[PDB]
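Notes for the one structure printed next.
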2 protein chains.
Amino acid sequence: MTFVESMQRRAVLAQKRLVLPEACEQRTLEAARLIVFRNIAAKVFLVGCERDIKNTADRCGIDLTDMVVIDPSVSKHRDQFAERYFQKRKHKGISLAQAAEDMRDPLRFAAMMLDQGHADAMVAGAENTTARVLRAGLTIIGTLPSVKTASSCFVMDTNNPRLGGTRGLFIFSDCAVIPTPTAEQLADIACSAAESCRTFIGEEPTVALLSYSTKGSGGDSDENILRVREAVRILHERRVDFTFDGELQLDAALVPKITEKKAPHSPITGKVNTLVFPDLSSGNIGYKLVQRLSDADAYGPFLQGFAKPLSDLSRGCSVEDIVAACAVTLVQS
Amino acid sequence: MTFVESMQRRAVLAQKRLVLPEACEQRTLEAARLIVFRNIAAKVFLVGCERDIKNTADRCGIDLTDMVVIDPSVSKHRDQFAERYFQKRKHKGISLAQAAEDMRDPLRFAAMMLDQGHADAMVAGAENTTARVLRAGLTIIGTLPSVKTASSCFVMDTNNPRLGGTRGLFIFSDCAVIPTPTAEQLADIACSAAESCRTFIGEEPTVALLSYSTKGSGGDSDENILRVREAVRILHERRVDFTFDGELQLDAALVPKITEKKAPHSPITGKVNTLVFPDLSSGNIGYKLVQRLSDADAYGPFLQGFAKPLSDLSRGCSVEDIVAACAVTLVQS
């Protein structure tokens, strides 16, 4: 199958709970109906003002009978959610009443459903800004204990077995979120990209931390080189369970003859399927170069490192983009 | 007609003067022979100790007949070159006699031939470090008046006229030399890359200065975004004669449907053939991704911005590689 087909079938198998806070938006509700029709989720929670949602559904001819509308103003969890948000945020000086008002927002309320164990996967961003989506994620859901940084990746399908990797499948990370990762964040990015490789490609991760330098060739003074080198040291210190090396140029990562000249006895030779970029320009430009100048497909961006999975959509997304993002996030949980 | 054959043919038509300071190296003399045999240059100057050069030739069985040995020890330009070097370098405290000894070095002498008008193109690096070759370039030859920075590009051939560019050809720059260009340096790289587009691809240059941000989308705080935006302002101030725009994501540069959304009314829409990367990691990773994960070929790195063309070879280059480098550098004059 294709990647999208495989992710949808795996979501059907996983039978997890989806929450959608942009439930007054037509595309979101159409996606929710397709999710129900395809059995992509065990439960579909629509979060928002009940009569605004029902009104949108009425006008778009959408049956909600297998969906659960949760209204943050009326929910039985309202008081507990306001209290949990206050405890989370009181260190920034907000009041309990400000917390209660903030938790009437569908985006915050859906994120708190994940934090509190009432749903498994959240998708938003067809109508909210990326900044708002990531902020709800960072401040309500938080990160896994193994990282301090939330990041993102793309799944790159070169549609060419022979191009190395895992039958031409790669994880590229972080090509969308963190502008200039510190050495510690870069190590976090590598750890989360390793998890993404296991979830999305289904093979063991072999990770190359990339640079214009290979194992010293660029010198010892450029902070950008040292940042990547320090990340590699940090990964050794952390005793991670995946194979990794850096700093490596792309050709040293992917062409064994070159690895043998520039990085001898490197443990990644001939096996790399996960590329960690040194900064956001290199990764954002890089994945687009592969997408737009070759027959490769790029899937994502997929968020990683969050304690519970969420996705941020483009504001111009299609219904099927929403469905695809929901399936991937459900498979991540 | 391939790219290497196109350049070889064009050098034959151009009938320029080549200087080779590594004339005691066997591959260089074998290349020199092919260059004479193929009429790729009007004149082939071998620079060095005539006896060491003749000795190498005899040991290897190489005929030198239509080549001209120019011996820095006895050349009629001996005293003028020493004075010129002294004037260039006296601000570092050297004496005239030291300048004269310095100008017995074949590499320095070849570069001075370019500066003084006695040859058109220099190739070295088969047995000199890149740093040595570049330093000779910068201290002796200098840069064109339109820039203060020498840099490099690659000619990328996607082998697919629909991918954009000029029949599938692109200039990528600077993917090999400057680790973190200042805004002034990025503007210089754009100017030099536009020159290389004209020389190597043969079409009008349309230059995209790349970033993870498109026309403000990544905000106004990240210094790497501002460096690119500043370089664009600088190009406007210089009133350059090529079309440019930035900061642009790669898809906004290359995909007009996306340009119309993220960069409406951009001057580059649908015409970009020259990509300027914001730093060396993004460019070095970027060109290699295209080379290694697609059908594209990568030719270079080609130096650019020097007042007279020179080329740095790889230490392990083939004889045919040397010939191809000479032809490109001659086409560059």
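We label chains A, B, ... in the order they appear in the structure tokens, count residues from 1 in each chain, and number ligands from 1 in the order shown.
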### Contact residues (chain B, partner chain A, 7 Å, only C-alpha atoms) as an MDAnalysis selection string
chainID B and resid 163 211:212 249:251 280:282 284:286 288:290 293:294
### Message
Excluding residue A:75 and its own-chain neighbours fewer than 5 positions away, which residues fall within 12 Å of it when counting only C-alpha atoms? Please give them as a PyMOL selection string.
### Response
chain A and resi 47-50+68-70+80-82+103-104+106+109-110+113
### Message
What's the separation between atom CA of residue A:120 and atom CA of residue A:17, in Å to one decimal place?
### Response
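Result for atom CA of residue A:120 versus atom CA of residue A:17: 5.1 Å, one decimal.
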### Query
What does the distance from atom CA of residue B:310 to atom CA of residue B:188 come to in Å, to one decimal?
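Result for atom CA of residue B:310 versus atom CA of residue B:188: 17.6 Å, one decimal.
The gap separating atom CA of residue B:271 from atom CA of residue B:8 is 27.6 Å, in Å to one decimal.
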DSSP strand (DSSP E or B) residues within stretch 106-319 of chain A, as an mmCIF file with N, CA, C and O atoms, in the first residue's frame:
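Generated file (states-v3.cif):
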data_model
loop_
_atom_site.group_PDB
_atom_site.id
_atom_site.type_symbol
_atom_site.label_atom_id
_atom_site.label_comp_id
_atom_site.auth_asym_id
_atom_site.auth_seq_id
_atom_site.Cartn_x
_atom_site.Cartn_y
_atom_site.Cartn_z
ATOM 1 N N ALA A 121 -5.782 11.461 20.849
ATOM 2 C CA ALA A 121 -5.174 12.160 19.731
ATOM 3 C C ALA A 121 -5.991 13.415 19.466
ATOM 4 O O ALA A 121 -7.229 13.391 19.600
ATOM 5 N N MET A 122 -5.303 14.516 19.181
ATOM 6 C CA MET A 122 -5.952 15.791 18.886
ATOM 7 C C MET A 122 -5.404 16.330 17.570
ATOM 8 O O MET A 122 -4.196 16.250 17.309
ATOM 9 N N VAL A 123 -6.281 16.922 16.763
ATOM 10 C CA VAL A 123 -5.871 17.523 15.493
ATOM 11 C C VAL A 123 -6.536 18.884 15.428
ATOM 12 O O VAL A 123 -7.719 19.009 15.773
ATOM 13 N N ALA A 124 -5.781 19.896 15.069
ATOM 14 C CA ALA A 124 -6.300 21.250 14.945
ATOM 15 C C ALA A 124 -5.423 21.998 13.964
ATOM 16 O O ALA A 124 -4.424 21.471 13.478
ATOM 17 N N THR A 143 5.774 17.499 27.315
ATOM 18 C CA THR A 143 6.616 16.583 26.553
ATOM 19 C C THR A 143 6.728 15.241 27.250
ATOM 20 O O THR A 143 6.429 15.111 28.423
ATOM 21 N N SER A 151 9.189 18.720 18.754
ATOM 22 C CA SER A 151 9.775 18.973 17.440
ATOM 23 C C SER A 151 8.830 18.399 16.390
ATOM 24 O O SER A 151 7.646 18.157 16.660
ATOM 25 N N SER A 152 9.347 18.136 15.204
ATOM 26 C CA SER A 152 8.548 17.586 14.124
ATOM 27 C C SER A 152 9.442 16.859 13.128
ATOM 28 O O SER A 152 10.674 17.030 13.118
ATOM 29 N N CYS A 153 8.796 16.057 12.273
ATOM 30 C CA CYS A 153 9.498 15.383 11.196
ATOM 31 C C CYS A 153 8.610 15.329 9.964
ATOM 32 O O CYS A 153 7.413 15.626 10.014
ATOM 33 N N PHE A 154 9.227 14.929 8.854
ATOM 34 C CA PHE A 154 8.528 14.483 7.654
ATOM 35 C C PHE A 154 8.916 13.052 7.362
ATOM 36 O O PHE A 154 10.057 12.647 7.616
ATOM 37 N N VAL A 155 7.969 12.285 6.846
ATOM 38 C CA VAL A 155 8.260 10.996 6.247
ATOM 39 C C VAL A 155 8.484 11.243 4.752
ATOM 40 O O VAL A 155 7.574 11.695 4.058
ATOM 41 N N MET A 156 9.671 10.914 4.270
ATOM 42 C CA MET A 156 10.067 11.104 2.881
ATOM 43 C C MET A 156 10.081 9.741 2.218
ATOM 44 O O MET A 156 10.827 8.851 2.646
ATOM 45 N N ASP A 157 9.285 9.596 1.160
ATOM 46 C CA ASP A 157 9.185 8.352 0.387
ATOM 47 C C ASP A 157 9.766 8.661 -0.984
ATOM 48 O O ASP A 157 9.137 9.359 -1.783
ATOM 49 N N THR A 166 15.397 2.882 4.109
ATOM 50 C CA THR A 166 14.556 1.718 4.377
ATOM 51 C C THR A 166 13.642 1.643 3.157
ATOM 52 O O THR A 166 12.573 2.257 3.148
ATOM 53 N N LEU A 169 12.522 4.905 2.175
ATOM 54 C CA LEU A 169 11.796 5.685 3.181
ATOM 55 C C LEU A 169 12.761 6.308 4.199
ATOM 56 O O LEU A 169 13.659 5.621 4.700
ATOM 57 N N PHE A 170 12.575 7.587 4.489
ATOM 58 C CA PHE A 170 13.380 8.299 5.469
ATOM 59 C C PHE A 170 12.518 9.139 6.394
ATOM 60 O O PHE A 170 11.434 9.583 6.023
ATOM 61 N N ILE A 171 13.026 9.353 7.604
ATOM 62 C CA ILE A 171 12.577 10.425 8.484
ATOM 63 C C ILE A 171 13.531 11.606 8.303
ATOM 64 O O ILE A 171 14.755 11.426 8.416
ATOM 65 N N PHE A 172 12.984 12.802 8.007
ATOM 66 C CA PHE A 172 13.720 14.061 8.017
ATOM 67 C C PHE A 172 13.232 14.906 9.203
ATOM 68 O O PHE A 172 12.030 15.117 9.342
ATOM 69 N N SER A 173 14.150 15.424 10.034
ATOM 70 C CA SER A 173 13.788 16.102 11.283
ATOM 71 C C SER A 173 14.901 17.078 11.653
ATOM 72 O O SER A 173 16.064 16.752 11.432
ATOM 73 N N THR A 206 18.408 4.237 12.303
ATOM 74 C CA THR A 206 19.825 4.548 12.211
ATOM 75 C C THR A 206 19.933 6.014 11.814
ATOM 76 O O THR A 206 19.483 6.397 10.722
ATOM 77 N N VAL A 207 20.505 6.827 12.694
ATOM 78 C CA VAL A 207 20.338 8.273 12.663
ATOM 79 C C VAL A 207 21.671 8.943 12.326
ATOM 80 O O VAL A 207 22.689 8.690 12.982
ATOM 81 N N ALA A 208 21.658 9.838 11.345
ATOM 82 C CA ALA A 208 22.821 10.677 11.018
ATOM 83 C C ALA A 208 22.507 12.121 11.379
ATOM 84 O O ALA A 208 21.507 12.670 10.910
ATOM 85 N N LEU A 209 23.330 12.721 12.244
ATOM 86 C CA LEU A 209 23.285 14.151 12.517
ATOM 87 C C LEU A 209 24.138 14.889 11.484
ATOM 88 O O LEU A 209 25.368 14.721 11.422
ATOM 89 N N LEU A 210 23.490 15.708 10.667
ATOM 90 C CA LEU A 210 24.113 16.241 9.471
ATOM 91 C C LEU A 210 24.806 17.575 9.703
ATOM 92 O O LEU A 210 24.536 18.285 10.663
ATOM 93 N N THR A 243 21.144 3.351 16.865
ATOM 94 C CA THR A 243 22.436 3.640 16.256
ATOM 95 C C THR A 243 22.451 5.071 15.723
ATOM 96 O O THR A 243 21.477 5.535 15.138
ATOM 97 N N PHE A 244 23.560 5.778 15.934
ATOM 98 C CA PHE A 244 23.667 7.168 15.523
ATOM 99 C C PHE A 244 25.129 7.526 15.311
ATOM 100 O O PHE A 244 26.030 6.861 15.820
ATOM 101 N N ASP A 245 25.349 8.597 14.552
ATOM 102 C CA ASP A 245 26.667 9.192 14.406
ATOM 103 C C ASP A 245 26.516 10.608 13.872
ATOM 104 O O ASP A 245 25.523 10.954 13.235
ATOM 105 N N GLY A 246 27.528 11.419 14.155
ATOM 106 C CA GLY A 246 27.662 12.782 13.654
ATOM 107 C C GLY A 246 29.013 13.310 14.098
ATOM 108 O O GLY A 246 29.720 12.661 14.876
ATOM 109 N N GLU A 247 29.385 14.483 13.574
ATOM 110 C CA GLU A 247 28.653 15.159 12.498
ATOM 111 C C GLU A 247 29.058 14.600 11.127
ATOM 112 O O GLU A 247 30.229 14.288 10.882
ATOM 113 N N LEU A 248 28.071 14.480 10.227
ATOM 114 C CA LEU A 248 28.264 13.887 8.923
ATOM 115 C C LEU A 248 27.673 14.766 7.833
ATOM 116 O O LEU A 248 26.578 15.301 7.969
ATOM 117 N N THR A 274 17.290 7.932 9.000
ATOM 118 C CA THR A 274 16.806 9.079 9.756
ATOM 119 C C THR A 274 17.865 10.171 9.687
ATOM 120 O O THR A 274 19.025 9.939 10.052
ATOM 121 N N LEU A 275 17.465 11.345 9.205
ATOM 122 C CA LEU A 275 18.349 12.475 9.013
ATOM 123 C C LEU A 275 17.973 13.574 9.984
ATOM 124 O O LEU A 275 16.842 14.069 9.950
ATOM 125 N N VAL A 276 18.926 13.981 10.828
ATOM 126 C CA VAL A 276 18.716 15.094 11.735
ATOM 127 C C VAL A 276 19.463 16.305 11.224
ATOM 128 O O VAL A 276 20.699 16.302 11.124
ATOM 129 N N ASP A 297 7.758 11.770 -2.449
ATOM 130 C CA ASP A 297 6.629 12.337 -1.725
ATOM 131 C C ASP A 297 7.075 12.688 -0.303
ATOM 132 O O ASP A 297 7.912 12.005 0.282
ATOM 133 N N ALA A 298 6.518 13.758 0.238
ATOM 134 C CA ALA A 298 6.794 14.168 1.614
ATOM 135 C C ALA A 298 5.484 14.153 2.375
ATOM 136 O O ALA A 298 4.508 14.743 1.922
ATOM 137 N N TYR A 299 5.462 13.477 3.513
ATOM 138 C CA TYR A 299 4.293 13.411 4.391
ATOM 139 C C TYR A 299 4.637 14.091 5.708
ATOM 140 O O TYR A 299 5.677 13.783 6.305
ATOM 141 N N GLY A 300 3.763 14.994 6.150
ATOM 142 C CA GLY A 300 3.907 15.722 7.401
ATOM 143 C C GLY A 300 3.586 17.184 7.211
ATOM 144 O O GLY A 300 2.972 17.572 6.222
ATOM 145 N N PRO A 301 4.033 18.044 8.131
ATOM 146 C CA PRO A 301 4.918 17.716 9.265
ATOM 147 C C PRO A 301 4.151 17.003 10.368
ATOM 148 O O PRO A 301 2.996 17.307 10.637
ATOM 149 N N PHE A 302 4.810 16.052 10.999
ATOM 150 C CA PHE A 302 4.240 15.294 12.105
ATOM 151 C C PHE A 302 4.959 15.731 13.365
ATOM 152 O O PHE A 302 6.188 15.705 13.414
ATOM 153 N N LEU A 303 4.201 16.127 14.362
ATOM 154 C CA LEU A 303 4.774 16.574 15.637
ATOM 155 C C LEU A 303 5.248 15.352 16.414
ATOM 156 O O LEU A 303 4.705 14.249 16.282
ATOM 157 N N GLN A 304 6.286 15.555 17.217
ATOM 158 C CA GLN A 304 6.900 14.461 17.960
ATOM 159 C C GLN A 304 7.392 15.039 19.293
ATOM 160 O O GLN A 304 7.624 16.250 19.430
ATOM 161 N N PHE A 306 5.706 15.173 22.077
ATOM 162 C CA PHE A 306 4.607 15.486 22.973
ATOM 163 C C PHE A 306 4.206 14.255 23.774
ATOM 164 O O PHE A 306 4.279 13.111 23.307
ATOM 165 N N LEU A 310 -0.519 15.150 18.997
ATOM 166 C CA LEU A 310 -1.325 16.180 18.373
ATOM 167 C C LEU A 310 -0.719 16.510 17.021
ATOM 168 O O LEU A 310 0.441 16.193 16.730
ATOM 169 N N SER A 311 -1.528 17.146 16.200
ATOM 170 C CA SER A 311 -1.102 17.562 14.869
ATOM 171 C C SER A 311 -1.635 18.967 14.606
ATOM 172 O O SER A 311 -2.737 19.315 15.049
ATOM 173 N N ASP A 312 -0.836 19.752 13.911
ATOM 174 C CA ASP A 312 -1.184 21.080 13.426
ATOM 175 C C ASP A 312 -1.309 21.080 11.906
ATOM 176 O O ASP A 312 -0.323 20.868 11.186
#
Need the shell around residue A:260: protein/DNA/RNA residues with any atom at most 8 Å away, counting only C-alpha atoms. Skip same-chain ones fewer than 5 positions apart. Format as an mmCIF file with C-alpha atoms, in the first residue's frame?
data_model
loop_
_atom_site.group_PDB
_atom_site.id
_atom_site.type_symbol
_atom_site.label_atom_id
_atom_site.label_comp_id
_atom_site.auth_asym_id
_atom_site.auth_seq_id
_atom_site.Cartn_x
_atom_site.Cartn_y
_atom_site.Cartn_z
ATOM 1 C CA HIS A 265 34.247 2.565 11.213
ATOM 2 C CA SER A 266 31.191 4.782 11.557
ATOM 3 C CA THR A 269 27.487 3.051 7.293
#
### Query
Counting only C-alpha atoms, what is within 8 Å of stretch 83-93 of chain A, bar same-chain residues fewer than 3 positions away, as a VMD selection string?
chain A and resid 79 to 80 96 99 to 100 103 139 to 140
Would you export the selected residues with N, CA and C atoms as a PDB file, in the first residue's frame, please?
ATOM      1  N   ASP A  79     -15.140  22.078  35.821  1.00  0.00           N
ATOM      2  CA  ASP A  79     -14.510  22.566  37.046  1.00  0.00           C
ATOM      3  C   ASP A  79     -13.161  21.901  37.275  1.00  0.00           C
ATOM      4  N   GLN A  80     -13.063  20.595  37.052  1.00  0.00           N
ATOM      5  CA  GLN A  80     -11.780  19.937  37.201  1.00  0.00           C
ATOM      6  C   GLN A  80     -10.763  20.447  36.169  1.00  0.00           C
ATOM      7  N   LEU A  96      -7.481  31.931  39.155  1.00  0.00           N
ATOM      8  CA  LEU A  96      -8.345  30.782  38.886  1.00  0.00           C
ATOM      9  C   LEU A  96      -9.487  31.136  37.931  1.00  0.00           C
ATOM     10  N   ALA A  99      -8.153  31.229  34.517  1.00  0.00           N
ATOM     11  CA  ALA A  99      -8.003  29.854  34.061  1.00  0.00           C
ATOM     12  C   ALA A  99      -9.331  29.258  33.601  1.00  0.00           C
ATOM     13  N   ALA A 100     -10.417  29.474  34.366  1.00  0.00           N
ATOM     14  CA  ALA A 100     -11.717  28.931  33.989  1.00  0.00           C
ATOM     15  C   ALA A 100     -12.183  29.493  32.652  1.00  0.00           C
ATOM     16  N   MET A 103     -10.210  27.992  29.785  1.00  0.00           N
ATOM     17  CA  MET A 103     -10.610  26.619  29.511  1.00  0.00           C
ATOM     18  C   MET A 103     -11.983  26.528  28.855  1.00  0.00           C
ATOM     19  N   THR A 139       1.923  23.882  26.682  1.00  0.00           N
ATOM     20  CA  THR A 139       1.528  24.294  28.024  1.00  0.00           C
ATOM     21  C   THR A 139       0.497  23.385  28.696  1.00  0.00           C
ATOM     22  N   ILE A 140      -0.266  22.588  27.958  1.00  0.00           N
ATOM     23  CA  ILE A 140      -1.251  21.701  28.566  1.00  0.00           C
ATOM     24  C   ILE A 140      -0.841  20.237  28.499  1.00  0.00           C
TER      25      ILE A 140
END
### Message
I'd like to know which residues of stretch 99-269 of chain B are alpha helix (DSSP H) (by DSSP, run on the backbone); could you write them as a PyMOL selection string?
### Response
chain B and resi 99-102+106-116+130-136+183-200+223-237+250-254+256-262
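Distances here use only C-alpha atoms; by that measure, the residue among A:234, A:41, A:141, A:201 closest to residue A:187 is A:234.
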